[PDB]
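Okay, here we've got a single chain as structure tokens, the form deposited in one PDB entry, with questions on binding and movement later.
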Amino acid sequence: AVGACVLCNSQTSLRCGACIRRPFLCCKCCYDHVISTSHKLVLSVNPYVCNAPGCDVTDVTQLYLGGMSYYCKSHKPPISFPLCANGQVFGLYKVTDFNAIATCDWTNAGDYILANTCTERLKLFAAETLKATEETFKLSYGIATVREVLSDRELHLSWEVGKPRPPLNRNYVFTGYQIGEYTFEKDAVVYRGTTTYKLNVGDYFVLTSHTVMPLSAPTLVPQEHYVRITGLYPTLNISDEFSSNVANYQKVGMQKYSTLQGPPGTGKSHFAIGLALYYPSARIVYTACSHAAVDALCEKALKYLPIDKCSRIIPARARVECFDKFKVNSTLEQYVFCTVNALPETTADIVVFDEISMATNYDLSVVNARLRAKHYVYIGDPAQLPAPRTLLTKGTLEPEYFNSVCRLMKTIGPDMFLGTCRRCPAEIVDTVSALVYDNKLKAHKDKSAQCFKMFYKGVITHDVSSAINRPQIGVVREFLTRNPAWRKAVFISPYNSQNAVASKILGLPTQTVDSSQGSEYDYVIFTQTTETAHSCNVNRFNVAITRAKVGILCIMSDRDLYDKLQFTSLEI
């Protein structure tokens, strides 16, 4: 085992045995690690364990080198040097933050704060460790064996005793048994297979744990500033449609990487596709974490870019329905649209990474490892929703801690900012501009006079932990009878269980705030449901109200966010 130290890069044979990722640690840092943490197992070619027969001493501080072997204080020969002395551990080729990443359980916010404020090699170590911990936690949950079938979209399940039950929402995807991946929604439950299969009684579902691979490439490559556009060739004949972004497309060619903060409806997809029309011969790889964000880029490319040079990359193990209008899996097309987890090993003139608030440092590193590009563009908004951190239960994660790109956008500011929201009525724009954008987001549309807010706490019931507020759905029902124009509205709430009750009572299409991100609707009916930290999250609130093009009805629980809404108040 010959490699480089994760804290100093000094070559060493040593690796920490108690670290779940086995990081290579140099003699000066390996000591600093074992002497300050519960981690005492050290691994070089042979473990630093006692060579005496039947001896169970593995702590490196209680061990010595006796000639060419290792022994504890009870078996060491007279001529034996301690392995731990003078700030070093004997190894070939002869920090507080590394200890904290190495030993935390990833349940606190301060753990993620650290995984983003540390050095670049420690950011990769933190993302490798966190992902390995997240996967092992999936194994702790119990197996759900099918006790019976009801119909084509409903079933009943038997859970494992002793092992806790994972929460039922489309977030947690099970693997059927190999009957394909399956999703559930709340003893009557709604079953949904990625593959159409006549539900087998006896078969079981298990949360499939992917193997965490090691990170090699940084989350952000080292920045390079140029005095000319590099490797890219602009057009002089550029349609007036994209004239607004000409100066920013040039900024893109005069830097190795660039950040774009685009509040909702400010033109991110337009900017991303227009960059292809500006550097017309440049091969562009369009990437995002979700299939929906890649599909949304495909919809904009279909309108402006030639359908022949466009390819949508679909992983052979297809899970959800995606874009069907490009030639599929043709890696060598000029315009390649693909999710981070399915990226092939290829090079590009430009790489566009959209919905950057949803990326983790693990995703950021994977992109830098599978794609070698002249220019990298990071598009998103740190005021929108981040990736769900499953293990995180204590504390709240601020935008500057979502990933490396968000960290930059929230501290030094973004390289480019789309300041005019063209989607929302002014009431909505004026609310989110003051809430999350320090009054720098401006309204293109006029006030629609179709933005209403109602202060109604109702009654909070729970479907395990996911909340329901029937009096809030009852208030929406009464409003709908008086304003039937709102019959075509999308119902939005922070909880899938609230959305299940509202789908049956109201008959409106349903969307959680988290699944609505990147989408727009003429009318939106939002019920806050609870007054929790989840439902009062300003990034989730910002996404919730910025889905509307024409009108919105907000039934609120929080007096703070109700007062911040610059909407017409209703009564009943």
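Numbering starts at 1 and follows the sequence shown. For the two forms, the rigid core is made up of the largest set of C-alpha atoms that agree within 1.5 Å on superposition.
Unmodelled in at least a third of other entries of this protein, residue 157:
Per the records, residue 157 is modelled in all the other entries.
Residue 317 coordinate gap across at least a third of other entries
In at least a third of the other entries, residue 317 has no coordinates.
Between residue 177 and residue 178, how many residues of the deposited sequence have no coordinates in this entry: none, 1 to 3, 4 to 9, or 10 or more?
In the deposited sequence, 4 to 9 residues between these two have no coordinates.
Could you tell me how many residues of the deposited sequence sit unmodelled between residue 186 and residue 187 (none, 1 to 3, 4 to 9, 10 or more)?
Per the deposited record, the segment joining residue 186 and residue 187 lacks coordinates for 4 to 9 residues.
Mean temperature factor over C-alpha atoms, higher-scoring stretch between 456-464 and 75-83:
Per the deposited B-factors, the answer is 75-83.
Is the mean CA B factor in the deposited entry higher across 474-482 or across 153-161?
Higher mean C-alpha B-factor: 153-161.
Residue with highest C-alpha B-factor in the PDB entry, from 448, 129, 195, 368
Out of 448, 129, 195, 368, the record gives the largest C-alpha B-factor to 195.
Top Cα B factor in the deposited entry, candidates 105, 381, 415, 345:
In this record, 345 carries the highest C-alpha B-factor of the candidates.
Based on the deposited C-alpha B factors for this chain, I'd like to know if residue 29 is in the lowest, middle or highest third.
Residue 29: CA B-factor falls in the highest third of its chain.
Residue 323 CA temperature factor, ranked by third within the chain
For residue 323, whose C-alpha B-factor we compare with every modelled residue in the chain, the answer is the highest third.
Comparing against every modelled residue in the chain, figure out the third that the C-alpha B-factor of residue 314 lands in (lowest, middle or highest).
It belongs to the highest third of the chain when residues are ordered by C-alpha B-factor.
Taking the values exactly as deposited, rank residue 500 by C-alpha B-factor within its chain and report the matching third: lowest, middle or highest.
Lowest third of the chain for residue 500's C-alpha B-factor.
Entry-reported Cα temperature factor of residue 251, expressed as the chain third it lands in
CA B-factor rank for residue 251: middle third.
Below, we refer to the form deposited in another entry, which is not included among the displayed structures.
Shifts of 2 Å or more at the CA atom, core superposed, between this form and the one not shown: which of the listed residues 197, 479, 141, 455 is the one?
Of all the options, the C-alpha that shifts by at least 2 Å belongs to 197.
With a threshold of 2 Å on the C-alpha, tell me if residue 394 counts as moved between this form and the one not shown once the core is superposed.
Moves: no, less than 2 Å.
Would you say residue 374 moves its Cα by 2 Å or more between this form and the one not shown, aligning on the core?
No, because once the rigid core is superposed, the C-alpha of residue 374 moves less than 2 Å between this form and the one not shown.
After a rigid core superposition, would you say the CA of residue 151 moves by 2 angstroms or more between this form and the one not shown, or not?
Yes: residue 151 shifts by at least 2 Å between this form and the one not shown.
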